[PDB]
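A.B. asks: Structure provided below as structure tokens; questions to follow.
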Amino acid sequence: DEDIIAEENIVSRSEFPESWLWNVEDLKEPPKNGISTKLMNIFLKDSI
Amino acid sequence: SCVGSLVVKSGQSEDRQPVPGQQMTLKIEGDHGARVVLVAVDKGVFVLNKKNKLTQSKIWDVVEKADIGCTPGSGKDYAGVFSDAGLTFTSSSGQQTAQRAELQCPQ
Amino acid sequence: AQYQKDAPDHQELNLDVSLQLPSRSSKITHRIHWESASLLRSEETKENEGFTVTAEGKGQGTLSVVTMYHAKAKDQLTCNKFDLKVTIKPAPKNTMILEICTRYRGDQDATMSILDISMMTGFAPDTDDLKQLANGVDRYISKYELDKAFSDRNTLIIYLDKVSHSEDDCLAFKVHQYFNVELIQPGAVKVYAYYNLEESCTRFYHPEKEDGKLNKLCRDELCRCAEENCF
Amino acid sequence: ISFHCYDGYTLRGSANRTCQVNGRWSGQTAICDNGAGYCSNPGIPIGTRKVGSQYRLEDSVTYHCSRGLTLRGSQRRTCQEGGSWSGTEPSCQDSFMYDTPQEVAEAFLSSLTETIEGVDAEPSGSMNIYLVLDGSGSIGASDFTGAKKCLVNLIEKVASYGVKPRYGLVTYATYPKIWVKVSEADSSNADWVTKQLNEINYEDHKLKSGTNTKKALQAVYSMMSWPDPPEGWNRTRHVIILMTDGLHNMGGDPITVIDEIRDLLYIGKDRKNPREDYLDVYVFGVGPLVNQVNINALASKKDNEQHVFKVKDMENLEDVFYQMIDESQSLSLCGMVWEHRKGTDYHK
Amino acid sequence: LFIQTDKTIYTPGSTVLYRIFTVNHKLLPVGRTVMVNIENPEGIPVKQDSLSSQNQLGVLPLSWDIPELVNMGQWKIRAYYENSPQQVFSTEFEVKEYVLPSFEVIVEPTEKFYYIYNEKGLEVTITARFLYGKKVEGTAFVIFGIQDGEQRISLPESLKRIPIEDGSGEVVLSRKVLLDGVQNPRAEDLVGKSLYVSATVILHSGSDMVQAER
Ligand SMILES: *[C@@H]1O[C@H](CO)[C@@H](O[C@@H]2O[C@H](CO)[C@@H](O[C@@H]3O[C@H](CO)[C@@H](O)[C@H](O)[C@@H]3O)[C@H](O)[C@H]2NC(C)=O)[C@H](O)[C@H]1NC(C)=O
Ligand SMILES: *[C@@H]1O[C@H](CO)[C@@H](O)[C@H](O)[C@H]1NC(C)=O
């Protein structure tokens, strides 16, 4: 009606994988205490 | 346990819970020069089947269930303690261990 | 000792099978060896033609051709082990009566079953009638579903203790129209046992539209939705 | 935005892509394939959705575009024998994407010249080019005269290859108007056809400014038809080029004619001999308002080739064609093999 | 050789992502040639390849495309070193038509066993919560049975319908129904046998239905 968001400006979810993040990572960072550490920035799916 | 070490904790400063379609940091603490293969699975999947999951416990399980030794210790004689443990003692005096033909342990 | 060396374990296994389809320009050549034997080697064809096969070489193999399609077997009418009959009638806002008859197709009085009901958009069950059915024998309705008021009870689940395979265990209740609006959506009723979800029967009810179906121009097997204006 | 493939999968196509000012993504479509099928993974062009994971022989896939977007190319592609998907790669178009004159001329010729290098095997005069110009009042004199000038330089561009095809000039509105017929003794005379292309005017169809494209393609049909089995029919390449806005309002669906034409040329009517290389259809959007859905339905869908074009400014195509005329570049002849009757080895 | 698969169950049409780990008799990476087969539920190879972990760091990323018209059942991925055809490693994965539930169901009895002369009976807890942690509101259908050998004997008398409030429920199996389930006067003959629980939670919306078992 007068308020709320337009039923057109609504970007619906769609990506609902049962599995993902099937990638590989190598730990070449500066080793401290024999414990290398990487910080991955991944994107979560639309699934709840 | 693991010969080395591999941990996977959250990079976020605790805070609250993530939101569908958000960036989150993933901290990985492992050994140097090690390759880390990842995989994310919806827990809704294990609801239908939680079998055949690869676990470190299952790895050692295979390793231990392959020892050349059978008896938990000791034997019927000197040449038996070796064979039962997984060793072959042989000398020039004549004392040698029993012959082993079968690959897997008896029975 | 010489015989123990010149003694084969098996016979020659080297088949050169080639299948030529009329819908295809080139042949499909395969070679089966002793080591690679017992290997499933399939070639699919979305087209139904009469193809020929040519085998050559020393050995022996197995050929098998199976086509998979959708048969017009039906027949069913796969309402399964239930016969659900739903009817919506007026009353003596626009209160109506929803009679739901049900029977079981078997030799046993079906065990505990479920009644998933979806109201017509703008209709809600009469709380009074629900209490009467809730207290009734072999009938139970979660307390959570009772105290909801006309706020939002558009979906009701009436659990059952049993349903005779002989006659129809018919029941009913009133449904008042708390909200008025043109073009209302037909309701539905679904029954099934607590162990098997697949085997079930669902019916639709609507004041005007017969058997709760939507207008759609059909022909042979091609239908188009006819739920719009006239011209 | 950048793309990455899971393990065991190889990435072909642009890894990083940038959203450009033309409302299109830079580089080529990213495709993550495992190369385990008779045909490779067709991929999923950005903006579309693919339905079909099986890439076996005879298998197929279907593409759908988001709401508000128009699909250009093929909506369904079938894996054909010899490892090659049918039709052409899809692409989700919007209502402002257009095409730069260079892009058009570059792709239109890279698809035309090839189907000419082969025509050299070898008046005359073994390829037909039907120029169907739309003179409807819905195009305006501005986008019409610019369409002729573009054709003029195109005829010269073709002529620079030293090839003399048979031309057919037709402008259409409420009714079709034939200026040049391929059966004419002067159809192969490039200069002849050009003089006509100059005499025609936008005022020719002002009294009856209809948009009956159907009859226009029917004019072309009667040109390639026979009174009932010419000796040289299964050896002639037909090329239809028409400028229009795709807004037809008389005659109905023009596509029906295209099908009839294909039946006449015995195309797609033989599993072993498609004969697709014997008919190309190019459609240029010209009018102010152009229906990309209809002009895409007429244009051909050939793998790795583009037959649908929406000219931005137009007129610039003319100036691009003129700039692209180079007598120094030779006409290729490598890897040529045609089904000659005798077909003695060394002919194959 | 260790074989890892992303999921544990796949639907016809999806792709199986698996990896082979090639280690020696000390659990260290090594470059070796590995044979890989894929047996259908009936134990018949449908695909076989010859890979090598050489220059790959003891990790073989792989995949298998599941046909739309495939055979349901427990598929199997078998593998072995080329220099040891006898020593074969394998991992199973289920192929079936399904849909992921919205919540999980757990059935933990008060004890990890049962004392025969225990008059109290067998008390079982019914915990059901959504995949995102929240607690489930619905009804539950729990039943019991006895298993002795590769053969089960259901107990129709032990059927219960407990409510699930605040994502929790409680059901008890009276010792009376247990002994009455069989018919053997003796109760010591049940010693050695085992019981199994079959729960079924259903939301009040009737949108989802999950089945569990212990
Ligand atoms: C897609 O985008 C990424 C991001 O640029 C590309 O990877 C990048 O590769 C370049 C070239 O080696 C690296 O550039 C580096 O820039 C830093 C800036 O200080 C400089 O110090 C280095 O000498 C180097 O020039 C960049 O680090 C790297 N990005 C990473 C690894 O995060 C990638 O190539 C692109 N994919 C394509 C187009 O194929
Ligand atoms: C006509 O051309 C086709 C091209 O496919 C050829 O196969 C055929 O032999 C030709 N007709 C005759 C009579 O040779």
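The chains in the structure tokens are called A, B, ... from first to last as shown; in each chain the residues are counted from 1, and the ligands are counted from 1 in the order shown.
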With 8 Å as the limit and counting only C-alpha atoms, what residues in chain E lie close to chain B? Please list them as an mmCIF file with N, CA, C and O atoms, in the first residue's frame.
C.D. replies:
```cif
data_model
loop_
_atom_site.group_PDB
_atom_site.id
_atom_site.type_symbol
_atom_site.label_atom_id
_atom_site.label_comp_id
_atom_site.auth_asym_id
_atom_site.auth_seq_id
_atom_site.Cartn_x
_atom_site.Cartn_y
_atom_site.Cartn_z
ATOM 1 N N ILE E 3 39.517 -41.709 1.154
ATOM 2 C CA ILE E 3 38.609 -41.064 0.216
ATOM 3 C C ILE E 3 37.593 -40.184 0.940
ATOM 4 O O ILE E 3 36.900 -40.637 1.850
ATOM 5 N N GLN E 4 37.514 -38.924 0.526
ATOM 6 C CA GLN E 4 36.601 -37.968 1.139
ATOM 7 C C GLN E 4 35.556 -37.488 0.141
ATOM 8 O O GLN E 4 35.887 -37.115 -0.981
ATOM 9 N N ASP E 6 32.249 -34.748 -0.264
ATOM 10 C CA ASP E 6 31.619 -33.575 0.334
ATOM 11 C C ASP E 6 30.379 -33.941 1.149
ATOM 12 O O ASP E 6 30.319 -33.677 2.349
ATOM 13 N N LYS E 7 29.399 -34.560 0.499
ATOM 14 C CA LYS E 7 28.175 -34.971 1.180
ATOM 15 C C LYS E 7 28.192 -36.455 1.523
ATOM 16 O O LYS E 7 29.164 -37.159 1.247
ATOM 17 N N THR E 8 27.105 -36.922 2.127
ATOM 18 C CA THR E 8 26.950 -38.328 2.467
ATOM 19 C C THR E 8 25.830 -38.936 1.638
ATOM 20 O O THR E 8 25.708 -40.156 1.533
ATOM 21 N N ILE E 9 25.011 -38.072 1.051
ATOM 22 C CA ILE E 9 23.908 -38.505 0.206
ATOM 23 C C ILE E 9 23.680 -37.497 -0.920
ATOM 24 O O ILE E 9 23.731 -36.288 -0.698
ATOM 25 N N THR E 91 34.853 -46.146 -0.191
ATOM 26 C CA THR E 91 33.967 -45.282 0.576
ATOM 27 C C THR E 91 32.596 -45.263 -0.088
ATOM 28 O O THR E 91 32.493 -45.223 -1.313
ATOM 29 N N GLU E 92 31.543 -45.300 0.722
ATOM 30 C CA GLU E 92 30.185 -45.336 0.193
ATOM 31 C C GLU E 92 29.499 -43.977 0.244
ATOM 32 O O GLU E 92 29.817 -43.134 1.084
ATOM 33 N N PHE E 93 28.555 -43.775 -0.670
ATOM 34 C CA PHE E 93 27.695 -42.601 -0.651
ATOM 35 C C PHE E 93 26.326 -42.979 -1.205
ATOM 36 O O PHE E 93 26.226 -43.731 -2.174
ATOM 37 N N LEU E 100 16.100 -31.692 2.045
ATOM 38 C CA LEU E 100 16.621 -31.390 3.375
ATOM 39 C C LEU E 100 15.538 -30.855 4.309
ATOM 40 O O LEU E 100 14.802 -29.934 3.955
ATOM 41 N N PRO E 101 15.436 -31.446 5.509
ATOM 42 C CA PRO E 101 14.476 -31.034 6.536
ATOM 43 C C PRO E 101 14.833 -29.666 7.104
ATOM 44 O O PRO E 101 15.940 -29.178 6.879
ATOM 45 N N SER E 102 13.904 -29.062 7.836
ATOM 46 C CA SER E 102 14.140 -27.755 8.435
ATOM 47 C C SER E 102 14.665 -27.883 9.862
ATOM 48 O O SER E 102 15.315 -26.972 10.378
ATOM 49 N N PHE E 103 14.387 -29.019 10.496
ATOM 50 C CA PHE E 103 14.834 -29.258 11.864
ATOM 51 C C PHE E 103 15.330 -30.687 12.053
ATOM 52 O O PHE E 103 15.020 -31.571 11.255
ATOM 53 N N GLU E 104 16.097 -30.904 13.115
ATOM 54 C CA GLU E 104 16.621 -32.229 13.424
ATOM 55 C C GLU E 104 15.858 -32.857 14.584
ATOM 56 O O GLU E 104 15.215 -32.158 15.366
ATOM 57 N N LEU E 131 17.429 -26.231 12.505
ATOM 58 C CA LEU E 131 18.835 -26.275 12.125
ATOM 59 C C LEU E 131 19.597 -25.039 12.595
ATOM 60 O O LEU E 131 20.822 -25.062 12.702
#
```
A.B. asks: Could you list the protein, DNA and RNA residues that have any atom within 8 Å of ligand 2, counting only C-alpha atoms and all ligand atoms, and write them as an NGL selection string?
C.D. replies: :D and (232-235 or 273 or 275 or 339-341)
A.B. asks: Show me which residues sit within 12 Å of ligand 1 when counting only C-alpha atoms and all ligand atoms, and put them as a list in words.
C.D. replies: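 If we count only C-alpha atoms and all ligand atoms, the neighbours of ligand 1 turn out to be residues 1, 2, 3, 4, 11, 12, 13, 14, 15, 16, 17, 18, 26, 27, 28 and 30 of chain D.
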A.B. asks: Find the residue from E:149, E:13, E:163, E:58 that sits nearest to chain C; use only C-alpha atoms when measuring.
C.D. replies: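 Closest to chain C of all the choices is E:163.
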A.B. asks: Residues of chain E no more than 8 Å from chain C, counting only C-alpha atoms: send them over as a list in words.
C.D. replies: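 Going by the stated atoms only, the list reads residues 44, 45, 46, 47, 139, 141, 163, 200, 204, 205 and 206 of chain E.
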A.B. asks: List as an NGL selection string the protein and nucleic acid residues near residue 83 in chain D, meaning an atom at most 8 Å away when only C-alpha atoms are counted, but skip any in the same chain fewer than 6 places from it.
C.D. replies: :D and (38-40)
A.B. asks: Taking the chain letters and numbering used in this document, name the residues of chain A that DSSP puts in strand (DSSP E), as a ChimeraX atom specification.
C.D. replies: /A:19-20,24-26,36-43
A.B. asks: Of the residues E:48, E:63, E:207, E:168, which is the one nearest to chain A, using only C-alpha atoms?
C.D. replies: E:63
A.B. asks: Return the neighbours of chain D among the residues of chain E, cut-off 9 Å, counting only C-alpha atoms, as JSON, numbers by chain.
C.D. replies: {"E": [13, 14, 17, 19, 60, 61, 62, 63, 64, 65, 66, 67, 68]}
A.B. asks: Give the alpha helix (DSSP H) residues of chain E, as DSSP finds them on the backbone, and put them as a PyMOL selection string.
C.D. replies: chain E and resi 175-181
A.B. asks: For the contact check between chain A and chain E, emit one row per residue of chain A within 9 Å, containing the shortest atom pair and the distance in Å rounded to one decimal, counting only C-alpha atoms, chain then rising number order, as a tab-separated table.
C.D. replies:
```
residue	atom	partner	partner_atom	distance
A:18	CA	E:7	CA	7.9
A:19	CA	E:6	CA	6.8
A:20	CA	E:6	CA	8.3
A:22	CA	E:6	CA	7.9
A:48	CA	E:132	CA	7.0
```
A.B. asks: Write a file of the selected residues as a PDB file, in the first residue's frame, keeping C-alpha atoms.
C.D. replies:
```pdb
ATOM      1  CA  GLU A  18      23.843 -28.447   0.167  1.00  0.00           C
ATOM      2  CA  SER A  19      27.623 -28.127   0.037  1.00  0.00           C
ATOM      3  CA  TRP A  20      30.201 -25.506  -0.933  1.00  0.00           C
ATOM      4  CA  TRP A  22      35.346 -26.970  -2.014  1.00  0.00           C
ATOM      5  CA  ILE A  48      19.243 -20.311   6.725  1.00  0.00           C
TER       6      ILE A  48
END
```
A.B. asks: Tell me, in Å to one decimal, how far CA of residue 58 in chain D is from CA of residue 91 in chain D.
C.D. replies: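 We find that CA of residue 58 in chain D and CA of residue 91 in chain D lie 22.8 Å from each other.
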